[PDB]
């Protein structure tokens, strides 16, 4: 009822905005409004406090390990990107390189499958993709594109199962544009504008790549959500062809328009569902063939992040809770409680090996009060 966490980490002295986890080591990085990133372990109670990264000029808003596990990439709201090289089996993380090419970074992601690669987008609309040198960790710019005319709100890599030379990225902007890039050449593969979405204003803020098994082999289907309730599902391998476009909620006159804002999108291959989470608290589960709502949840305040995992849909909320629903039946299986302010981000950890009988997944949060909580969740 009050705090059902397993353990906690509370060294930040301001809101925790971002949380990331090493691909193979039991290592968390969190980034905060105290302009610091902290490194700590995910497999012990209490966590081991590994250490602290410094050098930021503002709040840390991304903490991303590279897919092969050699590097950690962090970004802040003053436009800095720092790259740290793992040392001593991952116990220490040493500054290798950094840059400050923009006024403010909105998002940064490492590539999920291609080593030593990341991209970021900025408030001036610009899009950047870099690699990290394997020998000295130096920054290698692949592209820098200035096409979006307002904040580049989000990016998502596509075609990630095609090898190390297929490096493609979709980005979106508050100016209603969506662009796909070949990151190695910097070329714009396609651009969706307002004129191609029925003339509608759609300040995009969320992107999520579909699982290939849901799309008959297509590794470039992306769902896009705007801050005014527009949902677009696009085929990035057919020039951005629109597979679906709809307004997902009709607000009452009294409601702030931001109530329709689509903050997070997640796909389930098993259930052929796509879930979207709104500022008004609605979580809408769409069938991915007919693009109709099949089920919905209603939280008492804004959704901050959604994540399908097996049968479950996990949903963090600005009321400080993380909900665990059975996606098909709707059962509230668990509620992670303990935060006294909102949950701003979270990660989900699986036991690495199927032992001989089943250990629990962990939800690890980033809290607005400066705390991360570790929860063991059912299944």
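Numbering follows the first chain given and starts at 1.
When 325-333 is weighed against 342-350, 325-333 comes out higher, by mean CA B-factor as recorded in the entry.
On average the C-alpha atoms of 207-215 have higher B-factors than those of the other stretch, with 253-261 and 207-215 being the two compared.
Taking only the listed residues 98, 238, 126, 173, the entry reports the highest CA temperature factor at 238. Note on the listed residues 67, 54, 310, 59: the highest Cα temperature factor in the record is that of 310. Among the modelled residues of its chain, residue 142 has a C-alpha B-factor that falls in the middle third according to the deposited record. In the PDB entry, a CA B factor belonging to the highest third of its chain's modelled residues is recorded for residue 287.
In this PDB entry, the Cα temperature factor of residue 117 sits in the bottom third of its chain's modelled residues, the lowest group. Among all modelled residues in this chain, the alpha-carbon of residue 32 has a temperature factor (C-alpha) in the highest third. When the modelled residues of the chain are ordered by their C-alpha B factor, residue 269 lands in the highest third.
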